[PDB]
């Protein structure tokens, strides 16, 4: 089975091609993770996935999506991740982390608590920052503060500091969050970036924040550990042909800047879109990025069917398959997949105290 072949990137070897993508838990307090996360991540890692990327973790407090988001903006925050890292490794999985800044989509309620921008009366809220003073709209009407050159320099340095802290916590895989309409994606998109300085206007200028951040992080992140990023390569906003061409060119520049793998996603930069949600709908998009930018890729958004995952690998659309919600439903989904694809000794996808009894 393609899905259960190992994968080696730099010095890291994954035991199979199942990745658990970052999934916000909204259970942290002041950025600090706790027993919610400890058990959540340890249980999924024991489930058999080869790679577990920890949820979007804010590089600065204002970079959280919500008051429940994890952070890594101080050494105390980083120390809190050490037992999560070590529990993932003890299970035989590889620990990764996604470091993030929510940009204009920050200062929002938890999804099951309204999922909308926090109101001004509410004392949980904070001022948001973005390339331009323009609101997402819809359920996120708050207008961000337009970043100055000093802000841009400060945020870049926050990504660098976060990467250094991830390294020292023991993460073996890092993912820069340049997707889903948050700070990085919003610098790239003409929808949200109306700057007239070096960071807006042209393709080179709009790309600049992303490329400068990647290069700054590259200076502290170990050369022998995968350096990856997540990027929304189209919006389904009526501009897909040109947007995707630009996105793929940026992926070529990521590669020339030392990126080891790209997690291919959707932009979500504005609400006025028509995303054609469906089983494995990103497969052919990821394939095009992979082939044209000549870079390893993963993608998500409809692969929790073991046959869909296997198919995407056999078609060389993906190098890793990211399976999210199915792991929330069943933290041992990788075992389920091994059974469903007829892997020999499928139960030994799991640790002995389970595997012995399930074969």
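Residue numbers count along the first chain shown, from 1.
Visitor: Mean CA B-factor: is it higher for 67-75 or for 135-143?
Guide: Between 135-143 and 67-75, it is 135-143 that shows the higher mean C-alpha B-factor.
Visitor: Of the two stretches 39-47 and 308-316, which shows the higher Cα B-factor on average in the entry?
Guide: Higher mean C-alpha B-factor: 308-316.
Visitor: Using the entry's values, work out which of 98, 93, 263, 207 has the largest Cα B factor.
Guide: The listed residue with the largest C-alpha B-factor is 207.
Visitor: Sorting 168, 161, 237, 172 by Cα temperature factor from the record, which one lands on top?
Guide: When the deposited C-alpha B-factors of 168, 161, 237, 172 are compared, 237 is largest.
Visitor: Could you tell me which third, lowest, middle or highest, the C-alpha B-factor of residue 156 occupies within its chain?
Guide: As the PDB entry reports it, the C-alpha B-factor of residue 156 lands in the middle third of its chain.
Visitor: What third of the chain does residue 279 rank in for C-alpha temperature factor, lowest, middle or highest?
Guide: Ranked within chain, residue 279 CA B lands in the highest tercile.
Visitor: Among the modelled residues of this chain, does the Cα B factor of residue 302 put it in the lowest, middle or highest third?
Guide: Highest third.
Visitor: Taking only the Cα B-factors deposited for this chain, tell me whether residue 12 sits in the lowest, middle or highest third.
Guide: It belongs to the middle third of the chain when residues are ordered by C-alpha B-factor.
Visitor: Quick check on the deposited entry: does the C-alpha B-factor of residue 228 sit in the lowest, middle or highest third of its chain?
Guide: According to the entry, residue 228 has a C-alpha B-factor in the chain's lowest third.
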